[PDB]
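Those protein sequences? They're chains A and B, same order as listed. Numbered by the working numbering, the letters in the first sequence go through residues 1 to 1316 in order. Numbered by the working numbering, the letters in the second sequence go through residues 1317 to 1939 in order.
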Amino acid sequence: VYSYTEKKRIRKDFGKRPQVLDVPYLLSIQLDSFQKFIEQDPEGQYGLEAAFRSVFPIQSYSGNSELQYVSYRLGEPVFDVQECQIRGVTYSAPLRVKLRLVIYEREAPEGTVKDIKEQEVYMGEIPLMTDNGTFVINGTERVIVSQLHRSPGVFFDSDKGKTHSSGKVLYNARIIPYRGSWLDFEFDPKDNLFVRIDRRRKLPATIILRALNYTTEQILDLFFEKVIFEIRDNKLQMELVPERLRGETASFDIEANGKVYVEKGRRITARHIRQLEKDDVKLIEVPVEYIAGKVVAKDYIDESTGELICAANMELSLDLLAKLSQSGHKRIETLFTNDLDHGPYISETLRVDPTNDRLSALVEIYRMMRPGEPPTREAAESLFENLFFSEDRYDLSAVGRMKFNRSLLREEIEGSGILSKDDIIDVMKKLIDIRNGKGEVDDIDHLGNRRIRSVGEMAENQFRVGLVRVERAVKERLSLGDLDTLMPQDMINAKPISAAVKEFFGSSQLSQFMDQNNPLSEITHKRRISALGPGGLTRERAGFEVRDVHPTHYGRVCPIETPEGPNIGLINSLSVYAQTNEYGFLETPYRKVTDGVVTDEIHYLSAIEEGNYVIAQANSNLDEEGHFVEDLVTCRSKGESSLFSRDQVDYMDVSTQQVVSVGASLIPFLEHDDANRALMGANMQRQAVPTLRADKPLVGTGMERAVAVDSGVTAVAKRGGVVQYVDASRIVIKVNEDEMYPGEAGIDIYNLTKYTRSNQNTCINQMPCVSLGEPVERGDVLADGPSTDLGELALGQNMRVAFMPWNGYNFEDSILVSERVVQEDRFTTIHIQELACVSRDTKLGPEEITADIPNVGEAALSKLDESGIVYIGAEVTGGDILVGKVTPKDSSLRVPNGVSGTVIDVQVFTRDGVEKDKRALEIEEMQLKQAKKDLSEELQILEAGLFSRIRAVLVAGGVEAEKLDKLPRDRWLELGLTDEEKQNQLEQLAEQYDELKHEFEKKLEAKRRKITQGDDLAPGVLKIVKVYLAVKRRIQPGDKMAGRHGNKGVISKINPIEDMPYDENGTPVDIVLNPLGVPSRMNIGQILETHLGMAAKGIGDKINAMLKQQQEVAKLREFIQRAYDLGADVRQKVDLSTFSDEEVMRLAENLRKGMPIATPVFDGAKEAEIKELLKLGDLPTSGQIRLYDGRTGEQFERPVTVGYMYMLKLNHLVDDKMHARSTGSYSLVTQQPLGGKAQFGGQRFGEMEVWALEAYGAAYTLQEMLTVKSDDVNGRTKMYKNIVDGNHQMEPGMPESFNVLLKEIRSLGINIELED
Amino acid sequence: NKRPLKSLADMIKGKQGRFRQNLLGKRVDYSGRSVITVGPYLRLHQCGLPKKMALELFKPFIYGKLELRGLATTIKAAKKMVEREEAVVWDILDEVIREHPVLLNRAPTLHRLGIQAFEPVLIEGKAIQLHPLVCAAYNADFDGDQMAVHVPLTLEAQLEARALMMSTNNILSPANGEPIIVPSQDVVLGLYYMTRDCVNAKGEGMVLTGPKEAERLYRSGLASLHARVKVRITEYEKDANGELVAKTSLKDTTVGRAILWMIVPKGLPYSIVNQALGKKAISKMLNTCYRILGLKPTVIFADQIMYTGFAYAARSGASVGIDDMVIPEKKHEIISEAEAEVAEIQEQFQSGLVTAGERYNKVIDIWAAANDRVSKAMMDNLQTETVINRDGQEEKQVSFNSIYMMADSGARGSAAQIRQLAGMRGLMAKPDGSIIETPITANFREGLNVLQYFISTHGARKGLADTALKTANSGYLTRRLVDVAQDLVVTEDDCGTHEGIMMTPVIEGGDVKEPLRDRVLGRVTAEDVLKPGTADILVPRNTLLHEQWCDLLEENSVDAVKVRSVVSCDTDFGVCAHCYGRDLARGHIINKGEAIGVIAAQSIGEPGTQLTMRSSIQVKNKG
RNA sequence: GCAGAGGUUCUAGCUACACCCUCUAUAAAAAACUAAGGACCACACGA
DNA sequence: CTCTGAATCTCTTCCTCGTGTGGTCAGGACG
DNA sequence: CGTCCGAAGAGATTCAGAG
Ligand SMILES: [Mg+2]
């Protein structure tokens, strides 16, 4: 079965591998994340709830006052998305929050409250995301990109190599929290374990143990293994265990139980260990010289006086041995030191550490944290407990605790957010073990250590910041507050929380201005995964490691779609099938592999557990039983590609498109072109400008439909049915009876967005894709949005391309374009400009907007209306006047020079209080008329639908066809119908219609007030006039045109069609590319794409030939079936007999322009399949044909390659780039060019160009262009007067920038002057 | 915004400080930018330029001419006339662009030739047209590359731009004497296709009166472009004291090589156009033309050779296709042998005969051997497989395949860049640089496995990040090099210093990396060189070593030549001309004054972007 | 045409980069005409 | 016991130009 | 109506080993 719109033009899909999992909703990463944030979560986890619950204690200091959160509910947005975008206001929901204030009696903490005050308070103003997963901040559609940052937890880095400049590897452990203070435990080059908290001065890390209420004895009991020594008559008989002898040297002669085991100079072999274990030796005599090298563990005092004979952790000498022997210390505890692995590291720190008590440790920590002031014991204790033992000032998220327990190999998954003594000692023990050799350091770039912070998590963090900021003020106010003297609304204000949220959403390191020029651009910018951002590595601070792709990126982050330049690999996109785990990690679908069967069950796997199993390659053949036909299959066990037997395999890739993202998946033959060319092609697809009439690509991937549907550019059908009425501005869908709810179903109305200004000044145009009466199913495409054709993403426009040099006009990378392309408007793109005029307050009276402008001609004022605003639809040109504004004593807005076009609409916003001019009244009246017309249209349409609902029910059980036509349709409650459930349904519809009639005038009045009320504007402005200019930029020499395979070039010449190379058929090639760019830049995919497009157009031409002549539908059906079969078995498998025999004609007419072919990313068309496809048509199997010269007329030898490759048109048009300037306004430093942009500017003759002129014998052109052309005011004036005089003579003078430098150096206090 | 606020020292230091932002290099007026266009019809002394850009840049000149001719009484009326773009304004504009050079300027001006002068040719459009030859000098693409145009104002500025900065005056790069305007990518391919031969081509065998008859036969279509035919040529040589003598002979050649003969100037011999004429051959041709004919004949010859190369590359139709890249028939058996060998090595490791390290080394070695074998098989299939007759039984010739012609000619491509298309792509390394044990066996003509493409994108991301870091490192190095320099200019003409450095061809254990001919060329000796005959003044003490002297040195078999080094110069606050040597951009001694510190710094720093980041003694030959 | 004012237009026009005429304390026979301001930080993208 | 060399700590950049956007001391009421 | 609140190297700075 196929969808009806798919029946219109069904895409020939290659790919032998059968798909098991349908492509997920590409915008899930944003929509699902925000649905988690704004949702009311009863569990109070993950949402505005956790944020309120985490910060709602409100405990007064000795005031018995408490305020608690009870519930909240986001209000309905004041303005709809379209209304907020046109007004410039944010799309936000008022945050109705219900709060309960309770006051307890004094000195009665356990007593009940004396009064309860519950009320709903408006705090904050939280913006919402549209159905397309994008915010609207200030009239701009702004999207928040998900941030990939190092997850909270513990990571044992190395910093191997450069440190200490001796090859000695250091080891450090960072306790990175979600919010709080970092805690790094580093090693001194002399193997001393230091602590570095918040990257402050290095400190002996043993001080933190003392700060955690631990003495030396406890520290050595935790971090070292006690060895018991017994004083005996036989020279202090020593107790040794078998395990401690492994890896030891010949310390002495081991003789126990009157038997010798190991002699002098004999290594302790495992055989010796086994035989002494069989003998079970426990006590071994040791020479007194050996104990000198041991270190005491615990303190010892004599039993007579109790004085300190020997403290803990110092070397033992002969005098110490004599003192402990004479005292009578029978039991002696010593540390087990093994320089091989179990080396001493805490002991060295304790030698370095001069602190012996917890108070001294706290004092030193305070000194190293807050120096310059005398610390206090209470102050130090408070600082430490607020720094590590306090939830408010320090917290690890559930992901942080999970990572902590993963790295520490703990058992529990969850735990307290704050740390503890056990956590610190466990981290130190693991760091010590890493130093010893057991265990391995972790990789920061691993996706198991870098989670993804979505928009919901960022918004929750900013909300928590706002809540704590207002909590500080509430606590401060409540200290002196009085009970029962105020409403629970004065202490909390929406101002700071709203300011924080608005600042985050509008101006942030991550609040990216959405590049809304392509559906692919929107779909890949909302899925963008940036490492940069708040709480993230910066570009300069980012290492080479982070930029560079990790083996664990497979299936999680696309390794092909990254922005080249300053941030390469830092803003990498997310692969098509990857989804974010509930802890922020990146999962990946993976088919479970059973005993030998590749089972269809899809198990999402994170990066940490991917290594544990072995992953099979997607390009592994199966025998339809899940059995690899392939006894050894290539696999990815631990990030290493290696052949594995079938029985070894534990998991398989979900499909062949897993690794690539949506931006890189749409490139056909991605398996052929080079990775750099693939990267550039994926990047350039995001910046193609929509053509006027977008058309499907002849060769594609099959994800274009998925990208177009998933993105919000098109108008998908939420409910199926039939198209009752279709219009270029609206589409009405009559929902089917089996797809509509019993109540309030009616029919669906879709208001397609007409020509609207976009973020990159392009047209967001939606054209209907259906006619009247066309059946439509659920989730179907109805309107072809920008760069969309028949529900398929149509970025550019495919055309004939011949690969051959042509007189140098395609010299190295330039593109040659025929006159035929320009003639048929293939690349004419509508650009909507936003020329906004503002009337601010001015001294000595304000400025008017009337048409009275002095020192101007009547011709310029002819376009403007009587009130000084350009007539809608007027075709203005460069330098023309749009709206007449004169300042009090000629500041009217004018079209910028060069740009032209016709005004599409002029919207005016006027603040309340100032009377609106004639044009504003006319526009407001037309807006009211349009709103009333739309409301009446929906009134009549929904009334017709509801009557059809009623009439259909009234065909049985009291049917009166004649009686219905008699009485007017307004009243039907008097009709006689059986007292059954049908009568109840009619009564329900009648009551609903009555309530709707009551609400109709209310909402109409609300709309009238919305269009009447003065729109909020910036302070000190009268009214703002926005004029939208539609520029139709045709293709021109210099316009940057680029295909999908990384081949980019500027159009050199628009060559007349008569000069184009034509084949024997006479059809001239539309574009003549350069073959020389194929071998070096290995974009060989474009050659495969060219051949497949040639085959597709051959099929289309055969269909056209058998369609232009009146042929039987049987011939069309058999040819279409032959085309869709195409030899080698494919997943497509479309049968033409199941069609209705008249939609076959529609299909053939839709394939007249070319056969649509889908080439999946990594299992697309092979060379044999393409050759067979060429053989299907009249075209040769070689793919290249003889072409005759356009001018000479004789065929080119060595027949050239032609085909219809899908090449885009990037938005880097030459029209934008022209920046010529002679003289203009100057800067502060008096550098004349004034930072060239829209502002009329000269290009920075930078330091490199100055060096270049210095290398030449240039001292006059350089001098003129560094002095008289740039900043010398007298010099500039004299040069201008001289050139207009005709004498090109330079009056040198001196650059004013040097005078500025002299003044700045003098202002420092350094006299710098010149000698005369 | 919680950011450090700029102080009185933050605006005197750093990139954004007053020095490097407003004094060292400052924005200028009379400047415009646009994307660039090829426009092969131009000559390198001129460039295309849009009408709007010429109107805006030359506004003061247009105002002055309007005032002089009385079209507008006042600047104000003339400015209104320029806004109206009245037809009279365009005619005035054509007068101020007759001989007014403009300085084409690409943004990353790495070396001296980054900015060059051009006579603007008014074109309708909005894209600057840059001559194809100077694109290599500019390192400029046609992929959205934009370059600024600056208008010299004063007579001194325009005059020195014409005399020095013109592309006609910049033929040899300052880094080395080799030409910089050499046919680079497409014209070289056209010449290479032109100068070849089929062993059996249409119109092969008949004798031709001259190049005119060769053109007549080719254009009429009755003789193939490259067919081995004897032609009669009037080869001109200047073996006399500047006089050109004529030598007429029947040199066996092809039609295509005879076509180029009318392009080359008189002085050049025919032995330079009788080869396949790749990139290196054309570079040597242009260098010989510059060293023999001079500058103007070299410019005219370069323009004509560009024209013919483009025209006959268009006529060639040197396309690219799937059948143009051939898979070796032995590639499958080489892959099978490599798989068998790695299986044997793994089996040996499993038993324990070979541990991990030696197993890894063995696998890497055998995979490299298989890669070399498949590369050789690919080259044999790509240059030897071609079978074509000679009106007889059987013969084998050098291939005319599209990719082989586009790679062997040096037009664009290399050995690895052609291996990655038909042969095994090779062992591809991980981010850390350690080689993946199992290579990317599949090539680009065939598909790539998902893991194979993952390793490929590992390498590609490594290369892209390396380039991104390396361009910044090279820019910093260029800045340091320029600034340790820029006080060193040629202040004197000679110092009479006998000191110097003994120039000797460099040997690093292998063959001669650089012969003494190309190492001492253009430098003035310090003491008289002598041949095996003692007390022989083969070259006097203070004579510049031009091409003739170096050629004489090779045939006299000199070993070490003491030469005057700039280090040994005793001149204060500069160096003398003799101690420096040839300008490396003009065929004469360095001019007294020219700044050579900045030239040297730019020459050193320009290839920084092209750099990278990471027994027994046996006699070789008889002697 | 260098310090000011007036003139036929259109409040005001004396070279202000700036457009016509008069003279040194007085205002009109006269058509082409008029305006002299403007930073930093972040994001994305191109080479 | 006073310097020696050596580890430690602190400074100083770390390309070069474009083109679109958006955010920015924020005195505030009283004589 | 105005006015007063990572990384990479160099060099300075401790800092230390050995007679
Ligand atoms: Mg380029």
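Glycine is no exception: its CB is placed at the ideal position from the N, C-alpha and C atoms.
Integer-rounded CB distance, given that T594 of chain A should sit under 8 angstroms from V713 of chain A: 41 angstroms between Cβ atoms; not a contact.
With DSSP collapsed to three states, give me the class of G1791 of chain B. helix
Report back the beta-carbon spacing between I1035 of chain A and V822 of chain A to the nearest angstrom; my notes put them in contact at under 8 angstroms. 5 angstroms
Against chain A: residues of the stretch 1467-1483 of chain B by CB proximity under 9 angstroms: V1467, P1468, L1469, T1470, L1471, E1472, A1473, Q1474, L1475, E1476, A1477, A1479, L1480, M1481
If you compare alpha carbons, which of A:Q657, A:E414, A:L480 is closest to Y583 of chain A? A:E414
Got a sec: is the Cβ-Cβ distance from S814 of chain A to anything in chain B below 7 angstroms? yes
Per DSSP, what kind of secondary structure is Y1552 of chain B in: helix, strand or coil? strand
Please report the straight-line C-alpha distance between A618 of chain A and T634 of chain A, rounded to a whole angstrom. 9 angstroms
When you compare the CB positions of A1530 of chain B and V1571 of chain B, do they come within less than 7 angstroms of one another, or not? Contact: yes.
Quick one: does the C-beta of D1457 of chain B sit closer than 6 angstroms to a heavy atom of ligand 1? yes
I want to see whether chain A comes within less than 7 angstroms of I1933 of chain B, judged by CB atoms only; does it? Cβ-Cβ to chain A under 7 angstroms: no for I1933 of chain B.
Please work out which residues of its chain come closer than 8 angstroms, Cβ to Cβ, to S771 of chain A, disregarding the five sequence neighbours upstream and downstream, and give them in chain order. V723, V726
What span of residues does the alpha helix (DSSP H) with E1167 of chain A cover, start to end? 1167-1176
Can the beta-carbon of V654 of chain A be found less than 7 angstroms from the beta-carbon of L21 of chain A? In this structure, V654 of chain A lies near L21 of chain A, with their beta-carbon atoms less than 7 angstroms apart.
Determine whether the beta carbon atoms of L1210 of chain A and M684 of chain A lie at a separation below 7 angstroms. Between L1210 of chain A and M684 of chain A, the C-beta gap is smaller than 7 angstroms, which places the two residues in contact.
If contacts are defined as beta-carbon pairs under 8 angstroms, then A1745 of chain B and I1752 of chain B qualify, I think. What distance do you get, rounded to the angstrom? Confirmed, about 7 angstroms.
Could you please tell me which residues of the stretch 1758-1770 of chain B, in chain order, have their CB closer than 7 angstroms to any CB of chain A? Cβ proximity to chain A below 7 angstroms picks out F1760, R1761, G1763, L1764, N1765, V1766, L1767, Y1769, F1770 from the stretch 1758-1770 of chain B.
Which whole runs of the alpha helix (DSSP H) in the stretch 460-525 of chain A are 4 residues long or more, in chain order? For secondary structure counted as the alpha helix (DSSP H) over 4 or more consecutive residues, the stretch 460-525 of chain A holds these complete runs in sequence order: 494-506, 519-525.
Tell me whether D1461 of chain B counts as near ligand 3, meaning its Cβ is closer than 6 angstroms to at least one heavy atom of that ligand. This structure does not include ligand 3; its bound ligands are ligand 1.
Where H553 of chain A falls: helix, strand or coil (DSSP): helix
Beta-carbon of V821 of chain A versus every beta-carbon of chain B: anything under 7 angstroms? no
Would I1817 of chain B count as contacting chain A if we go by Cβ distances under 7 angstroms? no
Please confirm whether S33 of chain A and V455 of chain A have their CB atoms less than 7 angstroms apart. yes
So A1723 of chain B packs on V1798 of chain B, CB below 8 angstroms; how close in whole Å? Not confirmed; about 37 angstroms, so no contact.
Classification of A1220 of chain A by the beta-carbon crowding that lies within 10 angstroms, buried from 16 upward: Buried.
Looking at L977 of chain A: is its Cβ nearer than 7 angstroms to the Cβ of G958 of chain A? yes
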